[PDB]
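# Structural description and commentary
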Amino acid sequence: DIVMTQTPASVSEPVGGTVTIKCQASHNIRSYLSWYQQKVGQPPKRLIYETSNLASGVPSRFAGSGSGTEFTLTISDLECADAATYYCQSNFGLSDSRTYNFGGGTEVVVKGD
Amino acid sequence: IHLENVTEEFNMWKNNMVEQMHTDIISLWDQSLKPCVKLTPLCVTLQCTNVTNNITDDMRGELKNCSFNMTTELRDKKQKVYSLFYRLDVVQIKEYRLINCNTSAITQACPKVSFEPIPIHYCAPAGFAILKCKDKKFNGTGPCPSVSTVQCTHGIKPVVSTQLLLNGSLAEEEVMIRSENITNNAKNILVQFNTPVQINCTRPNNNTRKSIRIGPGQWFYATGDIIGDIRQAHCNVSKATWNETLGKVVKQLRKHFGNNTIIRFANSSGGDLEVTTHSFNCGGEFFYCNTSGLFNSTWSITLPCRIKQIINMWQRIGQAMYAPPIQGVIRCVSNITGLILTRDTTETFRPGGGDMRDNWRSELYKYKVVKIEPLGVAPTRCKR
Amino acid sequence: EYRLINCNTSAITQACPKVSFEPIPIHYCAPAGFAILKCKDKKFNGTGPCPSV
Amino acid sequence: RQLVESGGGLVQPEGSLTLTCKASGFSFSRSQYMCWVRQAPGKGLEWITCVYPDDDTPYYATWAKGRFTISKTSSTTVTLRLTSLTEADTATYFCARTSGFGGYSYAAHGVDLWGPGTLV
Ligand SMILES: *[C@@H]1O[C@H](CO)[C@@H](O[C@@H]2O[C@H](CO)[C@@H](O[C@@H]3O[C@H](CO)[C@@H](O)[C@H](O)[C@@H]3O)[C@H](O)[C@H]2NC(C)=O)[C@H](O)[C@H]1NC(C)=O
Ligand SMILES: *[C@@H]1O[C@H](CO)[C@@H](O[C@@H]2O[C@H](CO)[C@@H](O)[C@H](O)[C@H]2NC(C)=O)[C@H](O)[C@H]1NC(C)=O
Ligand SMILES: *[C@@H]1O[C@H](CO)[C@@H](O[C@@H]2O[C@H](CO)[C@@H](O)[C@H](O)[C@H]2NC(C)=O)[C@H](O)[C@H]1NC(C)=O
Ligand SMILES: *[C@@H]1O[C@H](CO)[C@@H](O[C@@H]2O[C@H](CO)[C@@H](O)[C@H](O)[C@H]2NC(C)=O)[C@H](O)[C@H]1NC(C)=O
Ligand SMILES: *[C@@H]1O[C@H](CO)[C@@H](O[C@@H]2O[C@H](CO)[C@@H](O)[C@H](O)[C@H]2NC(C)=O)[C@H](O)[C@H]1NC(C)=O
Ligand SMILES: *[C@@H]1O[C@H](CO)[C@@H](O[C@@H]2O[C@H](CO)[C@@H](O)[C@H](O)[C@H]2NC(C)=O)[C@H](O)[C@H]1NC(C)=O
Ligand SMILES: *[C@@H]1O[C@H](CO)[C@@H](O[C@@H]2O[C@H](CO)[C@@H](O)[C@H](O)[C@H]2NC(C)=O)[C@H](O)[C@H]1NC(C)=O
Ligand SMILES: *[C@@H]1O[C@H](CO)[C@@H](O)[C@H](O)[C@H]1NC(C)=O
Ligand SMILES: *[C@@H]1O[C@H](CO)[C@@H](O)[C@H](O)[C@H]1NC(C)=O
Ligand SMILES: *[C@@H]1O[C@H](CO)[C@@H](O)[C@H](O)[C@H]1NC(C)=O
Ligand SMILES: *[C@@H]1O[C@H](CO)[C@@H](O)[C@H](O)[C@H]1NC(C)=O
Ligand SMILES: *[C@@H]1O[C@H](CO)[C@@H](O)[C@H](O)[C@H]1NC(C)=O
Ligand SMILES: *[C@@H]1O[C@H](CO)[C@@H](O)[C@H](O)[C@H]1NC(C)=O
Ligand SMILES: *[C@@H]1O[C@H](CO)[C@@H](O)[C@H](O)[C@H]1NC(C)=O
Ligand SMILES: *[C@@H]1O[C@H](CO)[C@@H](O)[C@H](O)[C@H]1NC(C)=O
Ligand SMILES: *[C@@H]1O[C@H](CO)[C@@H](O)[C@H](O)[C@H]1NC(C)=O
Ligand SMILES: *[C@@H]1O[C@H](CO)[C@@H](O)[C@H](O)[C@H]1NC(C)=O
């Protein structure tokens, strides 16, 4: 029942730049949101497990923040290696309705020469 | 009335004032249960489910839904009633029964009656007097100078607990270690702190009291429909204070057991919850807490807790008390003022106790009762 | 369908048929160390002072 | 410790299939929560369903409730039964494990382990 909207659907920025990725929830989710990075042909990798707390092995360039219903990533020093689809996942829990809606994602293109 | 040259002999381990307090508490308790509702009709088959629509996972196995048939008239017209119950109160025969319907009568605590401890002073009857030691660093046994008289003792709150001694009073200068037989591992060691350890406990669940008609002027208090997330009850214990407090205890234990040895604290032992966990009832509900998080060392701390509604008061069997649910949430703050320890080169100590009298004996180690016999003779110059 | 009026709120006890409550005048008597005083005045308020005690 | 999916292959409209996923290297326990997510080849990811292994309570997305069934089959395996298949359900299906806190959902951290996806 809790649905999340992403924006911009896609971006493009030259190498070394910074991308802001935004996710807007329909309900307050008490900062339990996680974020994933998906490479083509691979399952998504977890970057953030709890709003701002980064997953082990993930560089600080992928830090983010938010509260309430509004969350963002600010991924710095973008490399062509970082081009990926990024996704927002709700993780609200508790109820028996659950529904861990995986929100939509955004495409980040990192441009070289 | 300070007695300037009186050196009286005390023995706290033989203090009958403790025995009286024990007996009086039980009697008051029992008479308070004569009125109000008896719950025999709840000894019925229950149909239970696991209550999972708003929980954290650590609480996943703690509640049962339990639907059952009970009536209000002798009309052979039963109605469905449901109540949540804590797992510890319900035993499987999908079909379940209350844990005590196999061995005892169940009496509902009367909801309008409070047992909140109020300090009680004991006073001597005419012809008697109470004497007390004022000495610091007193064993609780043997002679002491600076004996004074008492009409009424200081007030003592009749707090009942296991493992940790709560509220009551503090030692004058340093933690005191007292025992009946210190080299005998069969005895409890009563440790009285010279400073409190603050403990914060709670039941962070907004509950609802459901009134069920059970008979002609009789009500049963059911519980259910908890509002919001269901969470585990717990105590926080300040961590630094606890560690410092043990350091003081260890130093004093070494004075008794050798300053060249090493001792450790273990997570008590096996047995029933009434023995193995910390027990108190603030707010009107009975808490059983895991002290394994405290007694874990060699020389905030969250302690998970469980809650029961059907209580077999320690003092006897054949009867059980049902504690009605408390509306809203429970929070309380108390002072840990001491420990009840046993001991198993190096040595190991464990939380013990469970005997209600230890909680009063630890306060009544200063007072003694004597009888006045104001008649006697002596040789002198006095001729009819 | 009917019910007795009090089965909704209270226990019902049968008066025991062999027991009578017929009023018999009762005198109250003082315990040792005490005495009862009374006014003999006519037209007495039931309050205030009275002579002829 | 790697989840491995099987039971792939596309099935014609109005058919059915069952997907299988194994916990190679581990067993299910109270801190683990198992779920399935799918991704159509031209889409993002859509959550379908989860099961909690200590009591096997299933949870379903509304859109999936009448077509998808999740069930534990062993201490190491789970399956997902799919019925009333349409061509619109062609997707890569993933088996995944989440983690969390005892004080709040052992899923509230999201997926730590994903299997390779399998397409049907
Ligand atoms: C050790 O002493 C403390 C302090 O006396 C005891 O805690 C106190 O318990 C009373 C009774 O539950 C609390 O007051 C209550 O507040 C509620 C609020 O609505 C009210 O409805 C009740 O009628 C009553 O007033 C009191 O606040 C509480 N003190 C603190 C600081 O929370 C404590 O329980 C004692 N230890 C043991 C084991 O009893
Ligand atoms: C305990 O079980 C009862 C019985 O299923 C649950 O109460 C039902 O909740 C549904 C939700 O709309 C109502 O439609 C039913 O009428 C309720 N039953 C009754 C008898 O009122 C109850 O919520 C469960 N309690 C939990 C899980 O906390
Ligand atoms: C309530 O939850 C408990 C676990 O929290 C369930 O216990 C399971 O019972 C089955 C019976 O065969 C066992 O195989 C499982 O291993 C048990 N789980 C655990 C963790 O031990 C219990 O069945 C649940 N009750 C209901 C009514 O669903
Ligand atoms: C309350 O009483 C009713 C009536 O006897 C119970 O329902 C019966 O349960 C038995 C069990 O197999 C069934 O065979 C009957 O057909 C049921 N009767 C009806 C009218 O449904 C009911 O289960 C009792 N409640 C509980 C919690 O046991
Ligand atoms: C479980 O707890 C949650 C959180 O309080 C309840 O969800 C809220 O219910 C109210 C009821 O109108 C809604 O307005 C809120 O939007 C709900 N919160 C969210 C995030 O959707 C939930 O209803 C509770 N479940 C039960 C069975 O009582
Ligand atoms: C128990 O709760 C009380 C508050 O209800 C805590 O008191 C606070 O302690 C901090 C410690 O620095 C103080 O700064 C606050 O001012 C205190 N609050 C008040 C209202 O005075 C207390 O510490 C808690 N105890 C434990 C063990 O957590
Ligand atoms: C826990 O111990 C503290 C002291 O460490 C107690 O504080 C007393 O609070 C009363 C309230 O008016 C004061 O009059 C006393 O002077 C305080 N004592 C000291 C030494 O300052 C506190 O009340 C204790 N809590 C319990 C439940 O006994
Ligand atoms: C029923 O009461 C007896 C009394 O000795 C006890 O031993 C038994 O364990 C009780 N039943 C259950 C299931 O505990
Ligand atoms: C105090 O306790 C110790 C424990 O060994 C004992 O030996 C000593 O005699 C006691 N003192 C008095 C005055 O009883
Ligand atoms: C403890 O009890 C034993 C029992 O014989 C006794 O010998 C011993 O001396 C006691 N310890 C003390 C300190 O009195
Ligand atoms: C224990 O400390 C945690 C720290 O956040 C706090 O949230 C919790 O409410 C505390 N519990 C009690 C009983 O104070
Ligand atoms: C003490 O901790 C150990 C750790 O495995 C546990 O097995 C034991 O039961 C604990 N003791 C008590 C009394 O809980
Ligand atoms: C106390 O905590 C220890 C920690 O492992 C746990 O094993 C034990 O079962 C707990 N005991 C109780 C009574 O909760
Ligand atoms: C005792 O302390 C050790 C130190 O790490 C810890 O691992 C262990 O779990 C502790 N025991 C309890 C019951 O917390
Ligand atoms: C419990 O929920 C009710 C719902 O309105 C609220 O009014 C009440 O204050 C809550 N109690 C607590 C202790 O939060
Ligand atoms: C049943 O008892 C309640 C007690 O308050 C009373 O109000 C009610 O009127 C009684 N029922 C009838 C029909 O009088
Ligand atoms: C008698 O009752 C009247 C009523 O007004 C009162 O004023 C008067 O003082 C009473 N007399 C005495 C002796 O109390």
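Now for the sheet that holds strand β4 (residues 34–38) of chain A. Residues and elements named next belong to chain A. Taken in spatial order, the six strands line up as β2-β10-β9-β4-β5-β6 in an open sheet, and their pairing is mixed. The strands lining the two open edges of the sheet, one partner per strand, are β2 (10–14) and β6 (53–54). Summarising the sheet, β4 and strand β5 (residues 45–50) pair through three bridges and their orientation is antiparallel. Counterpart to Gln-37 in the pairing with β5 is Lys-45.

Once that is clear, we can look at the nonpolar core. Counting 45 residues, the largest nonpolar core has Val-191, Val-237, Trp-242, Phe-265, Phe-280 and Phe-287 of chain B as its most contacted members. When residues of this core are traced back to their parent elements, those giving at least two are β13 (164–166), β15 (189–207), β18 (233–235), α2 (239–257), β19 (262–265), β21 (286–289), β23 (303–308) and β26 (328–343) of chain B. Looking at which element gives the most residues to this core, the answer is β15 of chain B, with six residues. Residues contacting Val-191 of chain B, with those up to four places away along its chain left out, are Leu-165, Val-175, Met-176, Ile-177, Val-249, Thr-337, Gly-338, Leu-339 and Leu-341 of chain B. By size, the runner-up hydrophobic cluster in this structure holds 43 residues, among which are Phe-26, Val-37, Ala-64 and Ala-96 of chain D.

Right, let's talk about the state of the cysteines for a bit. All names here are of chain B. One pass over the structure, following the stated rule, counts twelve disulfides over all chains. The disulfide bridge from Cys-133 ends at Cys-144, spanning 2.0 Å between sulfur atoms. Between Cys-133 and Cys-144 the sulfur-sulfur dihedral comes to about -95°; the bridge is accordingly left-handed. Of this pair, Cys-133 sits in strand β10 (residues 128–133) while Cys-144 sits in strand β11 (residues 141–144), placing them eleven residues apart in sequence. In this structure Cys-144 comes out as buried when scored by relative accessible area, which is 0%. In this model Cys-289 forms its disulfide with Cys-305; the gap between the sulfur atoms is 2.0 Å.

Throughout the structure, instances matching the rule amount to 21 aromatic pairs over all chains. The interplanar angle of 45° and the centroid separation of 5.3 Å between the aromatic rings of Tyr-33 of chain D and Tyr-52 of chain D together place this pair among those described as tilted. Placement of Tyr-33 of chain D in strand β3 (residues 33–39) and of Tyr-52 of chain D in strand β4 (residues 46–52) is noted, with a sequence separation of 19 residues between them. Neither residue differs from the other here; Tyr-33 of chain D and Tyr-52 of chain D are each classed as buried. Three or more aromatic residues link up through ring pairs in this structure, and these residues are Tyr-36, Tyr-87 and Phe-102 of chain A together with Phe-94 and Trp-114 of chain D. Directly above the aromatic system of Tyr-52 of chain D lies the positively charged group of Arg-60 of chain B, at a separation of 4.1 Å from the ring centroid. One cation-aromatic arrangement involves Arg-97 of chain D over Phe-26 of chain D; the distance from NZ or CZ to the ring centre is 4.5 Å.

Here the focus is the pattern of salt bridges. Inspection of the entire model under this criterion finds 29 salt bridges over all chains. As a salt-bridge pair, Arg-316 of chain B and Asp-30 of chain B come within 2.7 Å of each other at their nearest N and O atoms. By relative accessible area, which is 26% here, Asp-30 of chain B ends up partly exposed. For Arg-30 of chain D, the salt bridge is made with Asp-58 of chain B, and the minimal N-O distance between the two is 3.0 Å. On the criterion of chain membership, the pair formed by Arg-30 of chain D in the loop between β2 (17–24) and β3 and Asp-58 of chain B in the loop between β2 (46–47) and β3 (63–64) is interchain, its members lying in two chains. The class of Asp-58 of chain B is partly exposed, set by a relative accessible area of 29%. Residues joined in a network through salt bridges with shared partners are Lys-136, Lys-137, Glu-173, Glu-174 and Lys-255 of chain B.

Sheet architecture is open: three strands sit in the order β9-β25-β24 (chain B), paired in mixed fashion. Each edge of the open sheet carries a strand with a single partner, namely β9 (105–108) and β24 (310–311) of chain B.

As a further point, take the interface of chain A and chain D. Between chain A and chain D, the residue contacts involve 23 residues of the former and 22 residues of the latter. Taken together, both faces of the contact between chain A and chain D bury some 1,900 Å²; the carbon and sulfur share is 58%. Of all residues in chain A, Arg-46, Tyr-100 and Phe-102 of chain A give up the largest surface area on contact with chain D, accounting jointly for 27% of the area buried on that side. Remark: the boundary between chain A and chain D carries zero salt bridges. Broken down by secondary-structure element, the contributors of at least two residues to the side of chain A that touches chain D are β4, β5, β9 (84–89) and β10 (102–111) of chain A. In terms of residue class, the side of chain A that touches chain D is built from ten nonpolar, eight polar and five charged.

Turning our attention to the interface of chain B and chain D. Contacts between the two partners involve six residues from chain B and, on the opposite side, ten residues from chain D. Summing both sides of the interface, chain B and chain D together bury roughly 670 Å²; the carbon and sulfur share of this comes to 37%. It is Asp-57, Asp-58 and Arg-60 of chain B in chain B that bury the most area against chain D; as a group they hold 69% of the surface buried on that side. Remark: the boundary between chain B and chain D carries six residue pairs in polar contact. Its residues assigned to classes, the side of chain B that touches chain D comprises no nonpolar, two polar and four charged.

Next up on the list: the pairing of β15 of chain B. Residues and elements named next belong to chain B. Summarising the sheet, strand β14 (residues 176–179) and β15 pair through four bridges and their orientation is antiparallel. Each bridged residue has a counterpart across the sheet, and for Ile-177 the counterpart in β15 is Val-191. With twelve bridges joining them, β15 and β26 adopt antiparallel strand pairing. Within β26, the position partnered with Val-191 by the bridge is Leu-339. In the sheet, β15 pairs with β18 via two bridges, with the strands oriented antiparallel. Bridge pairing links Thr-202 to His-234 in β18.

Rules used in this analysis
Residues numbered from 1 in each chain as written, not as in the entry; some residues may be left out. Chains lettered and ligands numbered in written order. Part of a larger assembly, values for the part shown. Heavy atoms only, no water. Pairing = 2+ DSSP bridges. Helix = DSSP H or I, 4+ residues; strand = E, 2+ residues; numbered from the N terminus. Core = buried A, V, L, I, M, F, W, Y, C linked by side-chain atoms within 4.5 Å. Buried < 20%, exposed > 50% of the residue type's maximum accessible area, 1.4 Å probe, protein only. Contact = heavy atoms within 4.5 Å. Disulfide = S-S within 2.5 Å. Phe/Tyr/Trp six-rings, centres within 6.5 Å; stacked < 30°, edge-to-face > 60°. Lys NZ or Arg CZ within 6 Å of the ring centre and 35° of its normal. Salt bridge = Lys/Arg side-chain N within 4 Å of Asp/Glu carboxyl O. Buried area = accessible area lost by both parts, 1.4 Å probe. Nonpolar A, V, L, I, M, F, W, Y, C, P; charged D, E, K, R; others polar. Polar contact = N/O pair within 3.5 Å; in protein donor to acceptor, adjacent residues only side chain to side chain.

Honestly, that's just the spatial picture; any functional story needs more than this.
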